[PDB]
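Below, chains carry the letters A, B, ... as their sequence lines are ordered, and counting in each starts from 1. Values below: all heavy atoms of this structure, side chains included; hydrogens, waters and symmetry mates excluded.
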Amino acid sequence: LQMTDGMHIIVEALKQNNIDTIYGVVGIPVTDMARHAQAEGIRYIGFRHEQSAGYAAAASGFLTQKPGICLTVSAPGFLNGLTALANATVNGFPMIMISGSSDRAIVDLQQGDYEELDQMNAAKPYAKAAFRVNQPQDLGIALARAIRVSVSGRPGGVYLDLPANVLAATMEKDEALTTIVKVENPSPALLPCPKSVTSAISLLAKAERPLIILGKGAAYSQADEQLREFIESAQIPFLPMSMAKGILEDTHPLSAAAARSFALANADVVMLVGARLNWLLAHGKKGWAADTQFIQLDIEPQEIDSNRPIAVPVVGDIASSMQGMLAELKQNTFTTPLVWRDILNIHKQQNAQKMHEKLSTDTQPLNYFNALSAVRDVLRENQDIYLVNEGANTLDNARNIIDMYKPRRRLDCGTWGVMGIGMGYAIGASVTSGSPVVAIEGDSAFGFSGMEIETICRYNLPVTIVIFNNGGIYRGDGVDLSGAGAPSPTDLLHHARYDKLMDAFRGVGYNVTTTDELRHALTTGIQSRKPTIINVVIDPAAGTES
Amino acid sequence: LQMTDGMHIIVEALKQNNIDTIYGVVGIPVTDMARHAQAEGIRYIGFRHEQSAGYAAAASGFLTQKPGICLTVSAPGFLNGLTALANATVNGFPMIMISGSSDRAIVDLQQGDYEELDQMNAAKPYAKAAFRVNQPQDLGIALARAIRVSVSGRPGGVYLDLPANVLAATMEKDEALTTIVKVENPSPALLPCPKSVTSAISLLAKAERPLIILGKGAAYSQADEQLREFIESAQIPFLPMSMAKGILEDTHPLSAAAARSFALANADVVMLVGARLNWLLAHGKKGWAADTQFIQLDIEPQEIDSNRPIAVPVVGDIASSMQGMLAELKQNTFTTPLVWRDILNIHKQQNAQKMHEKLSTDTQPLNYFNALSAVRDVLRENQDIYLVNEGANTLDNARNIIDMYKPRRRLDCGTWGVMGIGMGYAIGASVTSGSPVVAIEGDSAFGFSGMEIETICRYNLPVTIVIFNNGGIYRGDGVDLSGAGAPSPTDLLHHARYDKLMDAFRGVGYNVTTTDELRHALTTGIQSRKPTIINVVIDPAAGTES
Amino acid sequence: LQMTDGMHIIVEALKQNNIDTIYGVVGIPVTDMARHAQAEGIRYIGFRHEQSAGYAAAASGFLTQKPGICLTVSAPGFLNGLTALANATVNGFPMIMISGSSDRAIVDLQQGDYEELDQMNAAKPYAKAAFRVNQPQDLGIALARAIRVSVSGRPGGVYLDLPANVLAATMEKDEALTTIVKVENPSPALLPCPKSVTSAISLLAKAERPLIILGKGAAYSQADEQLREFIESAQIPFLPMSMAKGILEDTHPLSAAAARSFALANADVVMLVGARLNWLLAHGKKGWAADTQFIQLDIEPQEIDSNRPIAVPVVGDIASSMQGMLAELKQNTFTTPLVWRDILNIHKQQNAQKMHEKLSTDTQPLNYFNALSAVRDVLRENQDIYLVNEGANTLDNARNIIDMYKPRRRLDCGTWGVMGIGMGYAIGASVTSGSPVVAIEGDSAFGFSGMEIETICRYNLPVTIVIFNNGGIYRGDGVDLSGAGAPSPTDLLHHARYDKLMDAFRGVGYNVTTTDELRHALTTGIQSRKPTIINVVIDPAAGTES
Ligand SMILES: Cc1ncc(C[n+]2csc(CCOP(=O)(O)OP(=O)(O)O)c2C)c(N)n1
Ligand SMILES: Cc1ncc(C[n+]2csc(CCOP(=O)(O)OP(=O)(O)O)c2C)c(N)n1
Ligand SMILES: Cc1ncc(C[n+]2csc(CCOP(=O)(O)OP(=O)(O)O)c2C)c(N)n1
Ligand SMILES: [Mg+2]
Ligand SMILES: [Mg+2]
Ligand SMILES: [Mg+2]
């Protein structure tokens, strides 16, 4: 009579569901679970802080449509991971945070258990669902629920709570195997109303000035070929939002990225593809035509009419809706007016000339534009990389300047504009893909997760961290207004040498003050596949404060 | 007609209430508030992550009984600070986290505002109270509430939400000044039932084997002289809990710290002073006498009978209760039986001899005992320092070995056993006191807040960080059980040189492999008052795993 | 320039969205809103308690797919309505509860406002969404969101909070009109993956013992003709769950209702149509074959694998799914094994014979069977009624014995087994339909909403309330086990005459003790269309417990 326990059961359930990586920080009561998972051939990546583990998991979910798995301990570790779970739900990235919890009887009486918290209830506001498993025979179905919840609808974080007692709880091994559930097709296709599709095509065909906006839902869908075919067939100008850059290459002739304001102000019919009318699009209000008509492809009927009335909702999974839209277009072809494309190009060209001046003009110290021009030159020759990016000036300028050539290669601060995603996203992207990562980091941004450089060294991951060191938050030229000479609230240490941090962990560091030095250091870093920090000296006065 | 705005009003309210320090991370919508606070002579300390800002604030509250102030931005920064606010409430440390929030109208409709979150409601589970201020004329009374709530009863975290619009909202300056509220005596004395006090003394006087346990409520109360007088008058053996070490010096002849198990198993009457029967005391169950009778001094009547029935509750603020207890003892003196003290001393001596062997026996590599013996030798000569401590082996062994000579000088992982409090507590303690800090840090523990070494350098704070580098969580000799040769879930990088991190920020680093080297490096670090990291090479096999 | 205010704007928005009835209880700050809605041609129905108003709104939603509107005041009224909102969400019935709230500034500071509560946050755990409107120009979009959310996915309750200030807030009339949103097609069709449809048909065609279960979702969908055609085409036995009775008439040859236990114990393939594997189906565990394979038609992907692994999820709206299932069956026809249908029929006849004996045997006093047989005699002759039903014995027996002939005519205690839905569901059904209602009520059940008989009288609604008066909860023969002779916890007043309650409100009352009296009284009630109570004297010892 062979016995097993809850810990072995949950590991087997993860294995059967093709989980091959767990991102976490161990401790009571989950250390043995991690060790056993690794024994069973799951890759374990241990972090310096759970929030970076959670960011890594969500990145892996965005890239793959399989929920990333984040493992934490009870209360103190759980709360750190929860901050990341919250971010995944806001952004629409599938992940499951699995946390140990303490003694249900003691916690339910608030008697002061070890790491006491009702973690299930704590996670509820920040997750698509929060489940807690009390019986080992329910672990398999619980994981099945968590997987389906995380990837169905608009994807997001799910919390799965494993009390210490369920991990230790025993059952007969043969019976235990019958309770494990392998989920086939956890996010089934949901097809739109055919009438919606016909109405959408008809409205586009009548448009004088149609515009498609590709949002991160579009990128997540992996409908890359359908989106490109639709756009090129009808020659419809498009605006890629940050993490949608690269679905079509950013150099594509139909991209209106360089005339964004003109496009939003003048488009008459706008087709949102997995793009919400939230603050990133000014809620469809400021800067938009008074009477824009919207077509909206979104999986969530609850998102329709959230901000502006939507003329033609196309509710369904984006891949299925794009298949329908393409089929309807084939039967009822149209071509966007050439005049609209031509006038867009006038505006794009005006801005391109202004950008080109900034990119190509040398300054000492460096500014954002000439530094990022050097980065742009290198990355153009290394189109296999993933790009992670966070900061304020460092974020907005890199978003504009660094062209993405392939889809789902850009990961950034996202909908909540979180500083602290940089190292976790780099680790998640590198582990998931096996590809090199370049992280373009504000100096303040980097400080939120910088201890993870040891994690990067520990697993010898090919991450090149390029820190835009302007000596502060937005700018480094702040002054203490009291006259006391203290650092201002936005100042960081003058001339910190972040490259030297790598010396602690046997990584590589470069300090750079010119575009030639930056180009060399970045090329060498990427080619070397060694963990590398490049400290870029940026003019403290170059940035603007939002 | 001179006008002012909400931002100026809240700064003036903080000033009038003797807030002289704010710990935070700025960004929209609070940067100008921080700059203006600093203009007005409030010291601003900016962190690399809000959780360390929040830990600093709570430390300052524990040391002073004045709530520490933590300032954050909206959603992403707020959530990071919230993790620390939660910790303050659990531990009983007064603090106020002030966060900017976004547009109430947009957030209430869930339309996707910039940094959208109902932060007030989010903070409610983790705070004594959560307030949100919509009108500038209510800022003064709101701050008054927050101060009184944070320090009254059992102290804890309070959340104060300032929507961006209230900061910008204007009012006439003279009228505005009339709405500012200076709180006098925000935590008034609450005196116990005199019958409780008489019953407590009577029970102690009948005890064969009485024991006092001093908890962090005792330390917080600053009733140092009354506690010492009571203990010495009746010669009552006492057990200091971690953050109560030093109320009486740890070398005091009545301390039963070195016979803890014997004391708990054999005491007949136990007087808890600001000490909960939670997991840290095994809930008064395992390891206790079957029929212990409890006296409990606590400010919270809701804590009485939480775990074991309490024979004599003494409900009131600990300082007031100790004044009553001392007065009642003076009228009805007794002396603890000498036999009980003598048999305690037998057991203390048995353990002292075992400890002394471990402390004084050289090993290569170093172990926890001989390394901490070197630390003990230095700290005995530097009794003006604050000691911050976190880890597992690093925590438990330092707690046992490093004697505290003065009260409220030890700050550690606390009731939730949080890793990540080390740098924030060191910064809070240093800024508050103007004294040197020694942080004795596990290598895993340090990784949770290690980027704050730049903060320490930026403000040139006299913090010596001693990292017990055993190469992992508990131990550094883990193995990948799959045979693939990957780092085990508990391993960190082999032979990381954390001392080299200081090179980035112009701090000082020492690497040490012997007790002589450690003693020298630690003495020099403390005397120098320079930001310093000491990397201590500890045997990877020395630690135990809980 | 002509002005308007929030109150006028929201009424106009309700009108434009074809809201023609509001169910409510007035008071500050919503009385004028109700007066004006009524002025504008909306039918106002005022209740004696908000819980019944909310039940009425949810009933109307179930019957129509248009959310019922419940209107309440702030805290005390809001909380009463919330209990009903919670029930709507659990059951999947669309409704919007609109509540006034107090002063956001005062409530956010917890200063003790008039009827102070954060109502939006209070409603969140019980609603699909909770929205709060601060600006009158956002009232139209807020209502548009509330409508869409309430009827999409699995339908449910939405809370819409209107602070007193928004109702009073003014704007220019013409501009205000441009902010009103008329929602077209609030729940668009969502079609299932074609492969899942083909898989479902394939599995059914291979089944030896297939069974369809029709749940409330099937009833709500209004796919009556598609369901009938599918069932009849393949001759698939079906089980109607309570509120799905009548989709096909309960006397249909293929109904397995009279062999329910045998059918669940023996089916090999079970097709759930808008039916959860919750407690009502014993979670697919107790009473089921060990290896049942499930097809599940549900709109909510989060419901799949909640309890038992589901072999063939068919995710999409039920009407759309059934259209696809029907089309696929046509291309791939099959006939359910005759042997299976025959065996079911053997079991059905045996239970029908046992039923007939209980039904046809007269007793004094009446029992549940002969009383309900009398009721069925009358309802057989009066088929255009609505049936409301609640109780324990009164519920289970009426569910079994009263055949439904048409869909969406039965309303009962539902998924949470709530006592107190009877009067509200009766009012909602009669107001919505214009048809007579028969409410078959346990005497305890009736007590939960009994004051609403005045409401029934006030609006002269054709409701006949048939109270099964057995003198208590389950039974009326309880004894005080102390010997003191007090009523037992399940006893109600011996021989209460509920019919006399109607005297207070000029309604009609009958007391009945025999089947003949019962038949006459019920026939007269229905045909008179007068508010009527029939007090039915039931044997206190007839019922069973639990
Ligand atoms: C967790 C978190 N805390 C605070 C903020 C506020 N914030 C916005 S940008 C920013 C950093 C800006 O400085 P940096 O990253 O150095 O970029 P720069 O503009 O200097 O290039 C911060 C802290 C945030 N977005 N997230
Ligand atoms: C925020 C948080 N995450 C995880 C844990 C679990 N945990 C307990 S001790 C510990 C670290 C132990 O290693 P270390 O600090 O290096 O001390 P050592 O025992 O090796 O001396 C961790 C991560 C925790 N307590 N808090
Ligand atoms: C709001 C609410 N309170 C309590 C219950 C528990 N409960 C179940 S059935 C029932 C009443 C049973 O008696 P009755 O309605 O008279 O029917 P009978 O069995 O006597 O025919 C009650 C109170 C409930 N379901 N809902
Ligand atoms: Mg910067
Ligand atoms: Mg360690
Ligand atoms: Mg009854």
I'd like to know whether NZ of C:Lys182 has more than 12 heavy-atom contacts from other residues, nucleotides or ligands below 6.0 angstrom. no
Within a reach of under 6.0 Å around NZ of A:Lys285, are more than 12 heavy atoms found that belong to other residues, nucleotides or ligands? yes
Per-residue contact mode, A:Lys128 against chain C (heavy atom under 4.5 angstrom): both
Got a donor-acceptor contact below 3.5 angstrom from the C:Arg148 side chain to the A:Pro301 backbone? no
Under 3.5 Å donor-acceptor, C:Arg145 side chain and A:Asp305 backbone: no
Taking A:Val149, A:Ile147, A:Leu191, A:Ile310 one by one, which has the highest count of heavy-atom pairs under 4.5 Å against chain C? A:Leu191
Please report the shortest heavy-atom distance between C:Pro309 and A:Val181, naming the atom on each side. CG-CG2, 3.9 Å
Is it the case that atom CZ in A:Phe294 sees more than 12 heavy atoms from other parts of the structure closer than 6.0 Å? yes
Relative to chain C, which segment of A:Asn307 carries a heavy atom at a distance below 4.5 Å: side chain, backbone, both, or neither? backbone
Region of A:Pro186 in contact with chain C, defined by heavy-atom distances below 4.5 Å: neither
Should we count NZ of C:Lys124 as having more than 12 external heavy atoms under 6.0 Å? yes
Checking heavy atoms, do the side chain of A:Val315, its backbone, both or neither come under 4.5 Å from chain C? both
Checking C:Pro125 against chain A: side chain, backbone, both or neither under 4.5 Å from a heavy atom? neither
Relative to chain C, which segment of A:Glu184 carries a heavy atom at a distance below 4.5 Å: side chain, backbone, both, or neither? neither
When rounded to the nearest 0.5 angstrom, what distance separates NZ in A:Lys195 from CG in C:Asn185? 8.5 Å
Which portion of A:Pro192 sits near chain C, non-hydrogen atoms under 4.5 angstrom: backbone
Could you check if a side-chain atom of A:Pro188 sits within less than 4.5 angstrom of a side-chain atom of C:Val314, using non-hydrogen atoms only? no
A:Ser152 side, atom OG; C:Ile304 side, atom CD1 - distance, nearest 0.5 Å: 9.5 Å
Please identify, among C:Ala189, C:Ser306, C:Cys193, the residue contributing the most non-hydrogen atom pairs under 4.5 Å to chain A. C:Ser306
